[PDB]
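Peer 1: Let me give you the structure first, and then I'll get to my questions.
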Amino acid sequence: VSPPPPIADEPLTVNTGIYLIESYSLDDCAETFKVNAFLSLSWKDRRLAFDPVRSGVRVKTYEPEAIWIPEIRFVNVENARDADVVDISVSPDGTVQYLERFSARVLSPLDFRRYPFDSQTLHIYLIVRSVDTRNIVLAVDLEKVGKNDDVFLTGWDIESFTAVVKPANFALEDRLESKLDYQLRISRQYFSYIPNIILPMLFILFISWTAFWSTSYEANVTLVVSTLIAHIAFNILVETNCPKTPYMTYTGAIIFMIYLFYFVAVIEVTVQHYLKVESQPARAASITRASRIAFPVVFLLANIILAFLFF
Amino acid sequence: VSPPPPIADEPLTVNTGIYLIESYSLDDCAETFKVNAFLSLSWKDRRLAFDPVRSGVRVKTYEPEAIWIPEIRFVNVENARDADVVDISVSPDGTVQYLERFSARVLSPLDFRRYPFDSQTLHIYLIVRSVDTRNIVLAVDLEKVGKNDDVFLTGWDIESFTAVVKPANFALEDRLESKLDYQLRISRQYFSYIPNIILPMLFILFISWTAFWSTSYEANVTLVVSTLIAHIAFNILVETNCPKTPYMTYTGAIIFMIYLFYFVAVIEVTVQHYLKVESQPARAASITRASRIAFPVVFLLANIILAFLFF
Amino acid sequence: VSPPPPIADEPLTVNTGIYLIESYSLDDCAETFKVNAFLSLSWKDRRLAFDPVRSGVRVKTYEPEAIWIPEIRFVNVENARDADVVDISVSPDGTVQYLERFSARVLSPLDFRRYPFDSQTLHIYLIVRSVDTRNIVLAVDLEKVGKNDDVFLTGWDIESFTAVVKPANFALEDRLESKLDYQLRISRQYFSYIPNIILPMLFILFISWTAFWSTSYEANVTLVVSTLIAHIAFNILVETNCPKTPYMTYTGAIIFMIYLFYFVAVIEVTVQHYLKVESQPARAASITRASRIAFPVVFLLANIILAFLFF
Amino acid sequence: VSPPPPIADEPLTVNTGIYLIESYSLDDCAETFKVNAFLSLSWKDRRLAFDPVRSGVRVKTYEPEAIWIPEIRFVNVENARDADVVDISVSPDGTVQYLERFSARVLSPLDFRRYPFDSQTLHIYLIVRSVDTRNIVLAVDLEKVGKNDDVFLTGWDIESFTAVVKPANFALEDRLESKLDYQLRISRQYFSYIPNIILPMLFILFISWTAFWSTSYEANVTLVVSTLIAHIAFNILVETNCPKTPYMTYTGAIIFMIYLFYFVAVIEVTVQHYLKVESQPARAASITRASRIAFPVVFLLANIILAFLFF
Amino acid sequence: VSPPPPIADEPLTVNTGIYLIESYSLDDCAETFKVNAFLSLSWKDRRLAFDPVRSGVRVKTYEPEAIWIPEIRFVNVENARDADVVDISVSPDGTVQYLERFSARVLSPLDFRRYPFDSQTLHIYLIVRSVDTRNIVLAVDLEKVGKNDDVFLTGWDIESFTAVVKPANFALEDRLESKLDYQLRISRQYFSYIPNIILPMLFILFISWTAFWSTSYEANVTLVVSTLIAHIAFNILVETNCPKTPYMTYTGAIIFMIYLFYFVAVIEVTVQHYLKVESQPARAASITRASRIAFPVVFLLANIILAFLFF
Ligand SMILES: CC(C)c1cccc(C(C)C)c1O
Ligand SMILES: [Cl-]
Ligand SMILES: [Cl-]
Ligand SMILES: [Cl-]
Ligand SMILES: [Cl-]
Ligand SMILES: [Cl-]
């Protein structure tokens with residue numbers, strides 16, 4: 001229980017590897033996701049070297065307490081990881097082969113600007129603090145990085161689980177720290193978004209536009225205002241249950257634009273009636289007639305503009 | 001505390017068995033369910049063999065620390081299982097009989113495509129990682145698999161708890177892994193759906209269809225739009241409180257179709273009025289007259305089509 | 001640390017007793033409840049007997065580790081109970097007197113068929129698995145079963161805390177099990193239900209029935225449909241927040257019947273108008289006049305029928 | 001690790017004291033509140049007496065394991081308290097000075113009858129069970145009982161933290177129990193109630209009363225019914241999120257009375273119209289004229305009656 | 001062990017420093033936030049002094065058990081912090097350099113008076129209780145206080161992480177206490193508030209004001225009342241999900257004022273109609289004409305007054 005000594009001035013290279021067993025509980029609101037994975041660590045400790053002939057065994061198994069193990073920690077975890085040592089094995093030269101199974105709630109931010117057509121890169125940061133006697137540097141064993149084929153996130157297509165092989169070495173509180181980046185690339189698999197959210201919302205908006213084919217101010221007030229209540233009630237029904245996002249999203253803009261369309265529709269209805277009351281049914285009829293094309297066209301173009309702006 | 005040695009080159013067969021005591025907290029949203037069960041393990045360690053004459057005892061009881069126990073883990077659990085060793089018993093030949101009581105929150109995906117007439121297969125995966133000295137393989141003792149008769153999940157019929165006797169042996173990180181599949185088959189209790197959800201949502205839709213027996217555009221706008229609000233408010237009332245499902249479900253389609261029916265009903269109402277204003281009460285009356293049969297018939301057929309498509 | 005030996009062939013009788021200190025968090029939805037209680041165990045271990053004269057002491061206090069204690073477990077608990085040994089005391093003849101303080105989230109199903117006029121029987125099942133050497137049977141010490149007078153569940157009258165003195169001995173995985181049933185009888189506090197839920201729901205229904213005193217189809221459509229929205233919004237306001245119950249409840253039936261009454265009221269309104277439009281104000285007036293008595297009477301009788309059926 | 005022996009037949013007096021560091025998470029629904037506090041215990045165990053000359057030290061510090069500490073427990077806590085021993089100090093005479101820092105979710109019932117003008121007395125019950133060798137009695141050290149000035153509960157004024165100095169010694173399961181009552185007196189902060197809840201609810205109700213200045217049955221149906229929906233939606237907006245209270249509260253009564261006022265207003269509207277249709281516009285006008293004063297006056301009086309009844 | 005001895009009469013100075021690694025789960029409702037940070041402690045224990053020449057080593061590493069470490073605690077944490085000792089290092093003069101990684105749910109009150117244009121100062125209070133042998137005082141090592149650049153709280157700009165260098169030394173239960181204040185200054189990201197909350201809420205209000213351009217009492221009742229329902233439904237849609245704030249906020253006032261504006265708008269509508277019915281269309285027209293400017297102007301000024309009052 002002291003770090004291994006350097007042959008020359010070299011730092012201790014710890015070979016890492018994360019193998020995802022299970023990925024679950026991705027909370028879009030909290031920006032967290034839970035993982036069940038294997039963490040494999042490998043380093044050279046000469047104090048533990050042995051001759052396979054005079055020992056008989058080709059590999060020696062140790063208990064965590066018995067030998068020096070580097071203090072590897074996760075940077076972005078909520079509570080400290082729940083680890084269980086699976087195996088520790090020493091090869092004749094002194095190469096330790098550590099493997100543990102852990103579960104962790106990882107904090108990784110999410111970008112909803114392009115929701116529900118968004119892709120995310122989830123991060124798992126590995127860190128090691130360099131000791132008094134010698135410096136510790138992390139390295140990636142690509143043979144020890146992967147994920148089980150069964151690894152799923154409902155409503156997401158899991159593209160890849162890879163690691164940024166070059167560690168980000170830096171000084172923190174007068175000591176060296178080696179930081180490794182493991183990336184989980186996921187893209188939204190939301191198909192049912194169209195018939196469940198977009199299409200009913202659009203039907204309600206269209207229902208308001210039928211007031212451009214009526215002259216009954218009482219039926220028109222009922223149309224635009226009652227559809228505005230329906231629109232809001234529908235949005236309470238399909239609510240993301242997430243706090244408001246500080247930035248403007250694609251879907252956020254569309255919804256804003258829809259509120260603006262209900263507003264402008266009321267203006268038209270109000271004008272059409274006022275012109276009729278002021279015995280000017282020529283202007284009242286022309287406005288209503290224009291609105292029949294004006295509303296769908298402006299809506300269609302404004303959506304094309306937004307879609308272009310976000311994607 | 002070292003694995004038992006092989007007679008010849010054979011792997012160590014560990015006989016498993018899960019006996020469900022309690023099943024609870026099935027979360028449709030989270031795709032999780034909690035379990036209280038017995039995990040019985042049984043293997044042969046010759047180092048432990050005894051003569052009942054020299055020992056006096058017909059069976060020897062050990063403490064977990066005293067003997068070598070295989071590291072059996074669950075694949076799909078959220079946090080590591082809460083285990084309590086009930087009993088460890090060695091028979092004269094060296095056959096170990098381990099039994100522990102555990103509780104675990106198991107992650108198993110759910111298929112809502114046929115909801116609320118759906119059946120689900122809940123999974124409990126047992127795994128063992130092969131050691132340095134020898135390979136470990138899992139096997140099922142069918143006498144040690146079952147469930148208490150009292151075992152219940154409110155709103156589900158618990159059909160069976162069985163295990164896929166042939167383990168899925170595979171290589172992972174240069175070591176053999178032996179995986180076992182325990183399946184909990186449950187089917188839903190869909191009767192209260194009819195009076196609680198289907199019938200009221202239907203009454204609301206029918207209330208809209210009474211606009212095919214009226215010529216009052218003001219009363220008809222009120223009918224279709226106000227029932228559309230009622231429909232949405234009712235759906236907020238019977239809300240599954242689950243995130244939206246990425247795939248299209250049977251119930252999802254019906255609801256979509258209902259929104260489309262409210263849309264088409266507004267088109268009819270609008271047309272009826274426009275033809276009536278444009279002094280064409282022949283076409284206005286004929287359309288309304290058709291709609292009286294057109295709407296119920298198309299609805300009935302479209303539902304028959306969907307029911308056939310999903311089931 | 002081995003079970004006590006039998007004088008003859010008799011099984012070991014462990015005398016149990018649960019004393020409720022606190023009862024809390026009764027979750028109607030989850031079908032669980034939390035408890036703080038004392039669990040008192042008493043058995044005869046001769047290996048521990050002593051002469052009070054030679055020992056000069058009445059009773060000898062032991063530490064849990066020092067002596068053999070039977071593995072008593074709860075059948076219906078979520079996580080394993082949080083136990084704290086209060087006292088272990090041996091009398092001269094070897095009668096052990098164990099007492100521990102525990103807290104447990106107990107899973108006990110609930111029957112809402114007669115809600116909110118329901119009574120429930122909460123269960124706490126104690127179990128012991130018989131060992132290799134000898135069989136263990138549970139017994140009830142009635143002097144050690146009770147509850148503190150301060151024991152409360154908000155919204156329930158706590159009737160009794162008693163135990164089914166005869167244990168349910170049965171075989172499980174070729175070993176004997178001794179199961180004891182502790183019952184907590186609670187009845188509901190239904191008074192605030194009348195002014196808070198029943199009466200406003202009834203006022204909303206009556207408001208719709210005023211359409212039987214009007215001939216204005218526009219005012220009548222507004223009446224029945226707007227009260228149908230009010231009814232739903234009120235139900236969202238008084239929502240049980242519980243997943244839907246798979247079975248039909250008393251309150252479930254009443255609400256279903258209310259939805260059917262809103263439906264039939266729309267039929268009347270529609271008919272009355274159609275007959276008036278078809279210049280038949282004799283039938284239109286007679287139907288409306290009947291409905292003024294038909295609706296309250298049928299509602300009153302249909303309730304009487306339901307109340308009789310459930311109680 | 002055995003209780004201290006009595007000089008004469010006296011019981012062991014343990015001097016207690018709770019000092020609130022932080023109070024938080026007061027859940028009105030759950031009737032629980034969380035606390036961070038110091039629990040100071042002091043008793044004389046002569047077995048621990050030392051000579052300051054032979055020891056060098058004027059006070060000796062011990063580890064919890066090393067000496068006999070009385071088993072002090074909380075009666076009304078959800079899970080067992082999270083304790084951390086801060087200091088254990090013995091002075092030559094054998095006087096032990098224990099101090100711990102604990103956090104606990106305390107269950108104390110709440111009386112909402114006078115909400116939001118209510119005051120509550122939160123309880124923290126300390127208990128000690130007497131042993132075989134000698135009886136243990138709790139006592140209060142008033143110098144060791146208080147609260148930090150920073151101690152806050154959002155929306156409450158924290159009046160006092162005091163203890164009922166006379167313990168409630170009683171027999172339980174043939175052993176003596178000494179109980180101590182610590183009381184946290186809090187009163188509510190109710191000013192934002194008026195503008196946030198009471199006033200908008202009253203504006204909506206007044207909006208309905210404008211139907212006493214109109215003869216349009218269609219505008220009047222819309223007024224009373226649409227305000228009844230608004231009233232309900234507003235109540236969903238300001239919802240306490242608490243299960244229904246089994247007893248009738250002050251606020252509960254006001255809301256009930258408001259529902260009754262919407263009901264009676266519909267009766268007026270219905271009557272006024274029926275009398276007008278039955279060509280009796282003398283009675284129709286007189287009723288409406290009365291209602292203009294009848295409704296505000298009866299409402300004002302009925303509230304005065306209720307306020308008097310509850311306070 | 002035992003505290004270090006003083007050279008002269010001086011108190012023991014413990015040099016503290018908190019380095020935020022992760023900040024997450026800021027709950028505006030619960031007035032709590034979670035943190036992952038390093039806690040660095042440093043004091044001089046002469047008992048540990050050594051000669052680097054005689055020792056060979058320039059620094060000695062110890063295990064927590066081996067040496068005296070001061071009991072540093074947090075004042076405002078929910079449960080006791082989850083700590084893991086990273087490193088303990090003694091320099092030849094006996095200066096201990098302790099470093100641990102902890103995670104804690106910190107309770108810090110929030111002031112919503114200026115929401116959503118608010119800034120908050122989150123607190124982390126460090127405390128040490130003075131022992132009998134000697135007094136302990138906390139000090140800040142400014143080189144050891146900071147935050148990772150990646151440290152984020154969604155929807156907030158993290159301004160600074162600093163400590164109030166002068167500790168709050170005070171007496172508590174006849175012992176000295178040294179308190180340090182660590183402050184996390186955050187300001188809100190209010191831009192998405194305008195398009196998401198302020199603008200749609202405003203449109204809904206303007207929709208009501210169109211009743212000043214209509215004489216149809218039926219269309220006007222529908223306008224003001226239906227927009228009042230829309231306003232409430234929209235507020236249920238954008239709900240903070242936070243318990244009501246005991247104090248009056250800026251947004252609280254605006255919303256109250258909006259409810260008052262819906263009320264006054266109904267008064268106008270009612271008056272305009274009553275004057276028209278009482279054949280006084282001169283006053284009816286003049287009021288409506290004034291309201292067209294009166295409502296926007298008074299609203300604009302009243303908002304200017306409020307904005308000035310809060311900011
Ligand atoms: C006036 C009447 C036809 C009406 C129109 C719009 C909305 C509602 C409800 C949702 C308040 C309504 O009752
Ligand atoms: Cl970690
Ligand atoms: Cl596991
Ligand atoms: Cl248990
Ligand atoms: Cl406790
Ligand atoms: Cl702490």
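As shown in the structure tokens, the chain order sets the letters A, B, ...; within each chain, residues go from 1, and ligands are also counted from 1 in the order they appear.
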How would you write, as a ChimeraX atom specification, the set of residues no farther than 10 Å from ligand 2 when counting only C-alpha atoms and all ligand atoms?
Peer 2: /A:71-83,102-106,125-127 /E:84,101
Peer 1: Write out, as a compact mmCIF listing (two decimals), in the first residue's frame, the residues just selected, with N, CA, C and O atoms.
Peer 2:
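Result file is part-v4.txt:
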# COMPACT_ATOMS: atom_id res chain seq x y z
N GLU A 71 -6.42 5.23 -7.25
CA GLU A 71 -7.71 5.82 -6.94
C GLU A 71 -8.31 6.49 -8.19
O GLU A 71 -8.09 7.68 -8.43
N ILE A 72 -9.04 5.70 -9.01
CA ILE A 72 -9.73 6.18 -10.22
C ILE A 72 -11.11 6.59 -9.78
O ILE A 72 -11.78 5.83 -9.09
N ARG A 73 -11.52 7.79 -10.17
CA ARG A 73 -12.83 8.37 -9.83
C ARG A 73 -13.51 8.90 -11.09
O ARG A 73 -12.85 9.11 -12.11
N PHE A 74 -14.84 9.11 -11.02
CA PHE A 74 -15.60 9.69 -12.13
C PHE A 74 -15.80 11.16 -11.83
O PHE A 74 -16.02 11.51 -10.67
N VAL A 75 -15.70 12.01 -12.85
CA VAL A 75 -15.82 13.45 -12.63
C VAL A 75 -17.28 13.89 -12.49
O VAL A 75 -17.63 14.59 -11.53
N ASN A 76 -18.13 13.45 -13.44
CA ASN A 76 -19.53 13.85 -13.51
C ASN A 76 -20.53 12.81 -12.96
O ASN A 76 -21.52 12.50 -13.62
N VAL A 77 -20.31 12.32 -11.74
CA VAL A 77 -21.31 11.40 -11.17
C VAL A 77 -22.06 12.11 -10.04
O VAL A 77 -21.45 12.97 -9.42
N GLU A 78 -23.36 11.79 -9.79
CA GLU A 78 -24.11 12.44 -8.69
C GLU A 78 -23.53 11.95 -7.34
O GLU A 78 -22.75 12.67 -6.70
N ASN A 79 -23.85 10.72 -6.94
CA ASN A 79 -23.25 10.15 -5.74
C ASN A 79 -22.05 9.34 -6.22
O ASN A 79 -21.98 9.00 -7.40
N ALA A 80 -21.10 9.04 -5.32
CA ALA A 80 -19.92 8.22 -5.62
C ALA A 80 -20.39 6.85 -6.16
O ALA A 80 -21.35 6.29 -5.61
N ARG A 81 -19.76 6.34 -7.25
CA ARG A 81 -20.15 5.08 -7.90
C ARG A 81 -20.25 3.86 -6.94
O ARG A 81 -19.50 3.79 -5.95
N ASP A 82 -21.21 2.95 -7.21
CA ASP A 82 -21.41 1.74 -6.42
C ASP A 82 -20.58 0.67 -7.12
O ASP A 82 -21.01 0.15 -8.16
N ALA A 83 -19.36 0.42 -6.62
CA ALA A 83 -18.42 -0.52 -7.22
C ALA A 83 -18.32 -1.83 -6.49
O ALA A 83 -18.43 -1.86 -5.26
N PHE A 102 -19.61 -1.52 -11.84
CA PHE A 102 -20.16 -0.33 -11.19
C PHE A 102 -21.47 0.12 -11.80
O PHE A 102 -21.77 -0.21 -12.95
N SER A 103 -22.22 0.91 -11.04
CA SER A 103 -23.43 1.57 -11.50
C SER A 103 -23.29 3.02 -11.08
O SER A 103 -22.84 3.29 -9.96
N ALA A 104 -23.61 3.96 -12.00
CA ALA A 104 -23.48 5.38 -11.71
C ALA A 104 -24.51 6.25 -12.42
O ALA A 104 -24.81 6.01 -13.59
N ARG A 105 -25.01 7.29 -11.72
CA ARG A 105 -25.93 8.27 -12.30
C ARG A 105 -25.02 9.41 -12.79
O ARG A 105 -24.45 10.16 -11.99
N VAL A 106 -24.80 9.44 -14.10
CA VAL A 106 -23.89 10.35 -14.79
C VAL A 106 -24.61 11.62 -15.22
O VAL A 106 -25.66 11.55 -15.83
N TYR A 125 -16.54 10.91 -17.69
CA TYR A 125 -15.17 11.35 -17.44
C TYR A 125 -14.50 10.58 -16.31
O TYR A 125 -15.01 10.52 -15.18
N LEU A 126 -13.35 9.95 -16.64
CA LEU A 126 -12.51 9.19 -15.71
C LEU A 126 -11.36 10.08 -15.28
O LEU A 126 -10.75 10.73 -16.12
N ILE A 127 -11.03 10.11 -13.99
CA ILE A 127 -9.94 10.95 -13.51
C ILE A 127 -9.08 10.24 -12.49
O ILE A 127 -9.57 9.38 -11.77
N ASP E 84 -14.98 10.91 0.80
CA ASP E 84 -13.98 9.93 0.44
C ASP E 84 -12.64 10.63 0.51
O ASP E 84 -12.43 11.60 -0.22
N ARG E 101 -12.96 14.13 -1.31
CA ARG E 101 -13.98 14.44 -2.30
C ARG E 101 -15.33 14.11 -1.71
O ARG E 101 -15.53 12.99 -1.22
Peer 1: Residues of chain D near chain B: apply a cut-off of 12 Å, count only C-alpha atoms, and supply the list as a PyMOL selection string.
Peer 2: chain D and resi 218+222+226+229+233
Peer 1: What do you get for the Cα RMSD if chain B is superposed onto chain A using all Cα atoms in their order?
Peer 2: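 Once chain B is overlaid on chain A, the RMSD is 0.2 Å.
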Peer 1: Excluding residue B:86 and residues on its chain fewer than 3 positions from it, collect all residues at most 9 Å away from it, counting only C-alpha atoms, and give them as a list in words.
Peer 2: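 Near neighbours after the sequence-gap exclusion: residues 38, 98, 99, 100 and 101 of chain B; 71 and 129 of chain C.
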Peer 1: Excluding residue E:251 and any residue of its chain fewer than 6 positions from it, enumerate the residues within 9 Å of it, using only C-alpha atoms, and give them as an MDAnalysis selection string.
Peer 2: chainID E and resid 113:116
Peer 1: Those residues with N, CA, C and O atoms, as a compact mmCIF listing (two decimals), in the first residue's frame please?
Peer 2:
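This went into out.txt:
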# COMPACT_ATOMS: atom_id res chain seq x y z
N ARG E 113 -38.50 37.46 -5.20
CA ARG E 113 -39.08 38.78 -5.34
C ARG E 113 -38.83 39.40 -6.74
O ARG E 113 -39.76 39.94 -7.32
N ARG E 114 -37.62 39.24 -7.30
CA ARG E 114 -37.27 39.79 -8.62
C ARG E 114 -37.26 38.76 -9.77
O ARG E 114 -36.72 39.04 -10.83
N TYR E 115 -37.87 37.58 -9.56
CA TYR E 115 -37.97 36.52 -10.57
C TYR E 115 -38.76 37.03 -11.80
O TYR E 115 -39.76 37.74 -11.61
N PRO E 116 -38.34 36.70 -13.06
CA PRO E 116 -37.22 35.85 -13.49
C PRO E 116 -35.91 36.60 -13.77
O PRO E 116 -35.03 36.09 -14.48
Peer 1: What's the 7 Å shell around residue A:93, counting only C-alpha atoms, without same-chain residues fewer than 3 positions away, as a list in words?
Peer 2: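 Near neighbours after the sequence-gap exclusion: residues 46, 49 and 50 of chain A.
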Peer 1: So what do you get for atom CA of residue E:150 versus atom CA of residue E:37, distance-wise?
Peer 2: 13.1 Å
Peer 1: May I ask which of the residues B:161, B:148, B:58, B:223 is the closest one to ligand 1, counting only C-alpha atoms and all ligand atoms?
Peer 2: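 When distances to ligand 1 are compared using only C-alpha atoms and all ligand atoms, the smallest one comes from B:223.
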Peer 1: Just list the residues in stretch 111-265 of chain D DSSP gives strand (DSSP E or B) on the backbone, as a PyMOL selection string.
Peer 2: chain D and resi 119-129+136-140+146-147+153+156-164+170-172+175-188
Peer 1: Neighbouring residues of residue C:248 were defined as those with any atom within 9 Å, considering only C-alpha atoms; residues of the same chain fewer than 6 positions away were excluded. Please report them as a ChimeraX atom specification.
Peer 2: /B:191-192,195-196 /C:112-113
Peer 1: Can you spit out the residues from that selection as an mmCIF file, in the first residue's frame, using C-alpha atoms?
Peer 2:
data_model
loop_
_atom_site.group_PDB
_atom_site.id
_atom_site.type_symbol
_atom_site.label_atom_id
_atom_site.label_comp_id
_atom_site.auth_asym_id
_atom_site.auth_seq_id
_atom_site.Cartn_x
_atom_site.Cartn_y
_atom_site.Cartn_z
ATOM 1 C CA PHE B 191 -61.973 -4.741 -18.043
ATOM 2 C CA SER B 192 -62.217 -1.436 -16.139
ATOM 3 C CA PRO B 195 -66.393 1.985 -18.471
ATOM 4 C CA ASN B 196 -63.544 4.223 -17.203
ATOM 5 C CA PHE C 112 -61.424 0.011 -3.044
ATOM 6 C CA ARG C 113 -64.730 -1.544 -4.175
#
Peer 1: Extract the full set of helix (DSSP H, G or I) residues from stretch 22-132 of chain A according to DSSP on the backbone, and format it as a list in words.
Peer 2: residues 46, 47, 48, 52, 53, 54 and 55 of chain A
Peer 1: Generate the output file for the selected residues, N, CA, C and O atoms, as a compact mmCIF listing (two decimals), in the first residue's frame.
Peer 2:
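Okay, again_5.txt is ready:
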# COMPACT_ATOMS: atom_id res chain seq x y z
N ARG A 46 6.05 -3.75 -10.29
CA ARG A 46 7.18 -4.68 -10.22
C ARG A 46 7.30 -5.39 -8.88
O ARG A 46 7.70 -6.55 -8.87
N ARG A 47 6.93 -4.72 -7.76
CA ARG A 47 6.96 -5.28 -6.40
C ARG A 47 6.17 -6.61 -6.32
O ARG A 47 6.31 -7.37 -5.36
N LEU A 48 5.35 -6.87 -7.36
CA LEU A 48 4.45 -8.01 -7.48
C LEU A 48 4.85 -9.01 -8.57
O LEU A 48 4.17 -10.02 -8.74
N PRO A 52 7.17 -17.80 -12.87
CA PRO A 52 6.11 -18.83 -12.94
C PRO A 52 6.55 -20.24 -12.58
O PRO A 52 5.72 -21.06 -12.18
N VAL A 53 7.86 -20.53 -12.71
CA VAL A 53 8.49 -21.82 -12.42
C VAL A 53 8.56 -22.04 -10.90
O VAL A 53 8.06 -23.05 -10.41
N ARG A 54 9.19 -21.10 -10.16
CA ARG A 54 9.37 -21.15 -8.71
C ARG A 54 8.08 -20.83 -7.92
O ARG A 54 8.08 -20.91 -6.69
N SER A 55 6.99 -20.49 -8.64
CA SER A 55 5.69 -20.18 -8.06
C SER A 55 4.63 -21.20 -8.46
O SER A 55 3.68 -21.43 -7.71
Peer 1: Between B:219, B:90, B:269, B:164, which has the minimum distance to ligand 1 (counting only C-alpha atoms and all ligand atoms)?
Peer 2: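 Nearest candidate to ligand 1 out of B:219, B:90, B:269, B:164: B:219.
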Peer 1: Contacts of residue D:30 at 10 Å or less, counting only C-alpha atoms, minus same-chain residues fewer than 2 places along, as a list in words?
Peer 2: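 With the cut-off at 10 Å, the set is residues 24, 25, 26 and 154 of chain C; 26, 27, 28, 32, 33, 107, 108, 109, 110, 242 and 243 of chain D.
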Peer 1: Keeping only N, CA and C atoms, write the selected residues to a file as a CSV table (one decimal), in the first residue's frame.
Peer 2:
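Heads up, here's the output in out-v4.csv:
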chain,number,residue,atom,x,y,z
C,24,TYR,N,-47.4,5.1,9.6
C,24,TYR,CA,-47.3,6.2,8.8
C,24,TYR,C,-47.3,5.9,7.3
C,25,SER,N,-47.2,6.9,6.4
C,25,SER,CA,-47.1,6.8,5.0
C,25,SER,C,-47.9,5.6,4.4
C,26,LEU,N,-49.3,5.6,4.6
C,26,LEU,CA,-50.1,4.6,4.0
C,26,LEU,C,-50.4,5.1,2.6
C,154,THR,N,-53.6,9.4,9.2
C,154,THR,CA,-54.5,10.5,8.9
C,154,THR,C,-55.5,10.0,7.9
D,26,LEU,N,-40.6,20.7,5.5
D,26,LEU,CA,-41.9,20.5,6.2
D,26,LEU,C,-42.9,20.2,5.1
D,27,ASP,N,-43.4,18.9,5.2
D,27,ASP,CA,-44.3,18.4,4.2
D,27,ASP,C,-45.7,18.5,4.9
D,28,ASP,N,-46.5,19.4,4.5
D,28,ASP,CA,-47.9,19.5,5.1
D,28,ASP,C,-48.7,18.3,4.8
D,32,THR,N,-44.7,15.5,8.0
D,32,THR,CA,-43.3,15.3,8.4
D,32,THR,C,-42.5,16.5,8.2
D,33,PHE,N,-41.4,16.6,8.9
D,33,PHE,CA,-40.4,17.7,8.7
D,33,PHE,C,-39.0,17.2,9.0
D,107,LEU,N,-42.2,12.7,12.3
D,107,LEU,CA,-43.6,12.6,12.0
D,107,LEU,C,-44.4,13.3,13.1
D,108,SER,N,-45.0,14.5,12.7
D,108,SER,CA,-45.8,15.1,13.7
D,108,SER,C,-47.1,15.6,13.0
D,109,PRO,N,-48.3,15.2,13.5
D,109,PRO,CA,-49.5,15.5,12.8
D,109,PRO,C,-49.8,17.1,12.8
D,110,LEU,N,-50.6,17.5,11.8
D,110,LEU,CA,-50.9,18.9,11.6
D,110,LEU,C,-52.4,19.1,11.5
D,242,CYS,N,-52.1,18.2,-1.8
D,242,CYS,CA,-52.3,17.4,-0.6
D,242,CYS,C,-53.5,16.5,-0.7
D,243,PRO,N,-53.4,15.2,-0.2
D,243,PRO,CA,-54.6,14.4,-0.2
D,243,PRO,C,-55.8,15.1,0.5
